[PDB]
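Have a look at the structure below before the remarks.
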Amino acid sequence: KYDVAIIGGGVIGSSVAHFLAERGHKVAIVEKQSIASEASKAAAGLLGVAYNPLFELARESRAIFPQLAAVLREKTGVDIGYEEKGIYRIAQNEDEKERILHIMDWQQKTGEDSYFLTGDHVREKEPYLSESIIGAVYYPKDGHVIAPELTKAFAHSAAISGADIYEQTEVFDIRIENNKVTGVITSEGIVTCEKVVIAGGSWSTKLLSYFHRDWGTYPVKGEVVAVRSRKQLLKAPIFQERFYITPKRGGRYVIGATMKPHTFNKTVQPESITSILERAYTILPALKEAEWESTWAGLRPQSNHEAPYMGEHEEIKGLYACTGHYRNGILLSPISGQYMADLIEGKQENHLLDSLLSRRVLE
Amino acid sequence: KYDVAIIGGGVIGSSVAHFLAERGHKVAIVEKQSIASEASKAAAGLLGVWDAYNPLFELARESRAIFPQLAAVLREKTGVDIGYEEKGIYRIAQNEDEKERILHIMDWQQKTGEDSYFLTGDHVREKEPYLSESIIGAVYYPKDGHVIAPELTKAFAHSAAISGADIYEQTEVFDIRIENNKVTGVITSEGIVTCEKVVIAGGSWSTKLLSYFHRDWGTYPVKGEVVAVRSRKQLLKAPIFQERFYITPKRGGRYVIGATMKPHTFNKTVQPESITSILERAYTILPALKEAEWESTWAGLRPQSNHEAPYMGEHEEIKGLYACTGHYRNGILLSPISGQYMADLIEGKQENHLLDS
Ligand SMILES: Cc1cc2nc3c(=O)[nH]c(=O)nc-3n(C[C@H](O)[C@H](O)[C@H](O)COP(=O)(O)OP(=O)(O)OC[C@H]3O[C@@H](n4cnc5c(N)ncnc54)[C@H](O)[C@@H]3O)c2cc1C
Ligand SMILES: Cc1cc2nc3c(=O)[nH]c(=O)nc-3n(C[C@H](O)[C@H](O)[C@H](O)COP(=O)(O)OP(=O)(O)OC[C@H]3O[C@@H](n4cnc5c(N)ncnc54)[C@H](O)[C@@H]3O)c2cc1C
């Protein structure tokens, strides 16, 4: 008999598990496979990168990462790979240069420090980078983490604090008896609880029907490649119109990512492998003579409302939702967990439904 | 040309690589397979758990003092966390005979002996509630701990690569090139690697190369089989030790249990009887393991020396030939000082004692 059962053991559900259990709530994670089985183990873990109410949530989440990391390491033994060596936006042609200069110029007015670099000035800092790069924007405060490690950290933190983790357990439905959540119906039987959180990434749609038929998430498949190198090829991640090359602990380079909407398919097509690597060669040619390590596919949970659903059901008491983070669920995992636990404890109002899901279209 | 070529990409070779490169030396590492692919990936990473005047004793003491701040240094430099944990280790007893020998180790080991104390079976179960009713008591060592050996090994080696070392994985050293009684390089499977110094750190395979010291010298593998299970429950905060057998928790709900001892074999398969015996012994110490989740099993070749002690030092007659292999069951614990000693010795800031005693 739990305070909250959490449906899904990705970063988002594990983050929620962490913050609740930390505050003495008896919590259960129910996950149909394993912790970090899906988007959260496929993600490149980049933090930061137009305006909107997410930008501010992101900024708030971003700032939690330094202390969160230290805490998690100390408590669980897992280091999440938090790194802050900055991130480059690169440009290889003039359209791209201007696109980047314009982003920077609106960004700068918000207080975020960033410097425009010349191709030669980039190459002083990152010498393996292509002669084709003509400029770039450097953000010294950006960084990244190891998505699966952060995920695993949250979940074991939760367990240490008393959370029960049920892997290989699928939630078919929520048990609402008198317009109240009384439990959850799983493949391994009933789990009694007083509150539920839907954190089912790309699979949340059916359970989101309790809120509304049109509420939902769908998978946007992304394929990525990883290579190893004995050279110091990149110090910091490089970005180019969503495409990225990122270092990780241990001389690993992670490179992606394709976009294939509305499929749960986790195979990798050759063409994607070829397309990804050829693009990487124009940025960073030495990757030709690196060591192939792996390739994989992950399922970004797009929102039907183009913003994650984070909130309490207005009628059915104890029924919560927290999914649809799409491309920024690693970045936002800390703010999401913190918020959800505040909301579950009555410490915050149910205002993030309103704020994130309505967009004024006219006027 | 390199100031030093290091033969072996284990924790020992990679320590030496770290400490050296960190002092502006140009180092190559030459490794048959890949970094940390033998004993150093297989090890349980326990620290500290010899007679009192054995120098390894002073060395082990110094190794343990370098470890905390080294862990920070490697993390912040390479981004690799070595799993340094200092929550202690319990030497358990299940017989009254064991209790005696344990109390005996404690009493006559108080060489400022890590402020260790006796706990009753009941007081241990307070501290660790899944441990067996069968344990009478144990000696808790508060300043005892453990690392993740494969991780420490990787840290060290990336540390050196960041400091300019060239890692030649997938490269076997056949022989050491000696022209005019000085070392000019190392003859490998790929090409010739030109260096002014070499360090034999080839663990259990060092024997042929050690013959340039004395045909009497050599190392050999002592096979060890280990089992790893995963768990959602909190079965242990700190490792338990018992006459070489150990149950150790690792970050991420993992529990590695071992180990077996099969001497004079390089063979890396695991015999079912070893799994059967390790697990059955484990069940008496921590019954919940019955319903944990099986993860994996493996073997590693502990590098025993012909002389039952590491070879660490410089060749008296041959200019620039060094050795540092054969740490048997303490290779992880001594990787920091083995590295620091070896680099101090190459820079002529340390005398050549260990080769004598
Ligand atoms: C290629 C790629 C690169 C990315 N890069 C970045 C990046 O650089 N920065 C960034 O912030 N984000 C990135 N992301 C996004 C990030 O992966 C997601 O936004 C985030 O992982 C979503 O986490 P989640 O827990 O909601 O989803 P998931 O990790 O998919 O978790 C959902 C979990 O719920 C479980 N589940 C579903 N239904 C049920 C049920 N009925 N019962 C029980 N369990 C259930 C599933 O097993 C799954 O484990 C990237 C994604 C991809 C694919
Ligand atoms: C089961 C087990 C548990 C253990 N537990 C502990 C513990 O709890 N605490 C502890 O302190 N220690 C422990 N050890 C000991 C520790 O594993 C070793 O002492 C440690 O590996 C250090 O050895 P090394 O680096 O010399 O050996 P290795 O890791 O074997 O390194 C030797 C390297 O040299 C390479 N090599 C060999 N020949 C050549 C050549 N011609 N050219 C190039 N490369 C070559 C090999 O490929 C190998 O990678 C344990 C060992 C085992 C097996």
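Below, chain A is the first sequence line, B the second, and so on; all start at residue 1. Excluded from the calculations below are hydrogen atoms, water molecules and symmetry mates; all remaining heavy atoms, backbone and side chain alike, are included.
Ring to ring, B/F266 and B/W205 are close: their centroids are under 6.0 angstrom apart.
Separation of atoms OG (B/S14) and CZ (B/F19) is listed at 12.0 Å; rounding is to 0.5 Å. Once rounded to the nearest 0.5 Å, the distance linking CG of B/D144 with CG of B/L46 reads 8.0 Å. Atom-to-atom distance recorded for B/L20:CG and B/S163:OG is 11.0 Å, nearest 0.5 angstrom. Atom-to-atom distance recorded for B/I192:CD1 and B/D175:CG is 11.5 Å, nearest 0.5 angstrom. With rounding to the nearest 0.5 Å, the separation of CD1 in B/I176 from OG1 in B/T184 is 10.5 Å. We find the NE2-CG distance between B/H214 and B/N306 to be 11.0 Å, quoted to the nearest 0.5 Å.
In this structure, B/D3 and B/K197 have side chains that are not in contact, with every pair of non-hydrogen atoms separated by 4.5 Å or more. Looking at heavy atoms from C-beta onward, B/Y311 lies in side-chain contact with B/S305 at the 4.5 angstrom threshold. In this structure the side chain of B/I240 reaches within 4.5 angstrom of the side chain of B/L131, judged on heavy atoms. Counting heavy atoms from C-beta on, the side chains of B/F67 and B/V147 come closer than 4.5 Å. No side-chain heavy atom of B/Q110 sits less than 4.5 Å from a side-chain heavy atom of B/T112.
Counting non-hydrogen atoms of neighbouring residues, nucleotides and ligands closer than 6.0 angstrom, the NZ atom of B/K319 reaches no more than 12 such neighbours. The environment of CG in B/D115 is sparse: at most 12 heavy-atom neighbours from other residues, nucleotides or ligands sit within 6.0 Å. Open room surrounds NZ on B/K233; 12 or fewer heavy atoms of other groups in view lie less than 6.0 Å from it. More than 12 heavy-atom neighbours from other residues, nucleotides or ligands sit within 6.0 angstrom of CD on B/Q271. For B/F174, the CZ atom is densely surrounded, since the number of other residues' heavy atoms within 6.0 Å is greater than 12.
The one candidate from B/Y255, B/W294, B/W298 that meets the side-chain contact (heavy atoms from CB on, under 4.5 Å) condition with B/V227 is B/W294.
With sequence neighbours excluded, the residues that form a side chain to side chain donor-acceptor pair (under 3.5 Å) with B/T284 are B/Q94. Evaluation of the ring-ring contact (aromatic ring centres under 6.0 Å, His included) rule for B/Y90 yields B/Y140 as partners, not counting sequence neighbours. Remark: B/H315 engages B/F213 in a ring-ring contact (aromatic ring centres under 6.0 Å, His included) (not counting sequence neighbours).
Applying the salt bridge (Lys or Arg N to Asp or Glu O under 4.0 Å) test to pairs two or more places apart or on separate chains, those with a residue in residues 72-93 of chain B are A/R73-B/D81, A/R73-B/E85, B/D81-B/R251.
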Output side-chain donor-acceptor pairs under 3.5 Å for residues 329-339 of chain B, partner residues at least two apart or in another chain, one line each.
from: B/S335; atom 1: OG; to: B/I332; atom 2: O; distance (Å): 2.5
from: B/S338; atom 1: OG; to: B/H327; atom 2: NE2; distance (Å): 3.1
from: B/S338; atom 1: OG; to: B/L334; atom 2: O; distance (Å): 2.6

N/O donor-acceptor pairs under 3.5 Å from side chains in residues 32-42 of chain B, not counting sequence neighbours:
from: B/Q33; atom 1: OE1; to: B/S37; atom 2: OG; distance (Å): 3.0
from: B/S37; atom 1: OG; to: B/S34; atom 2: O; distance (Å): 3.1
from: B/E38; atom 1: OE1; to: B/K268; atom 2: NZ; distance (Å): 3.1
from: B/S40; atom 1: OG; to: B/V11; atom 2: N; distance (Å): 3.0

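Ion pairing of A/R230 with A/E291 is present here, as a side-chain N (NZ or NE/NH1/NH2) and a carboxylate O approach within less than 4.0 Å. Salt bridge absent: B/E196 and B/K1 never bring a charged side-chain N and a carboxylate O closer than 4.0 Å. Looking at B/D344 and B/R23, a side-chain N of the basic residue comes within less than 4.0 Å of a carboxylate O on the acidic one, giving a salt bridge.
When only modelled atom types and interatomic distance are considered, B/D166 and B/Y2 share a side-chain donor-acceptor pair under 3.5 Å.
Taking all atoms of both residues into account, the shortest heavy-atom contact from B/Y246 to B/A259 is OH-CB, 3.2 Å. Looking at every heavy atom in both residues, B/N352 comes nearest to B/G313 through OD1-CA, 3.5 Å.
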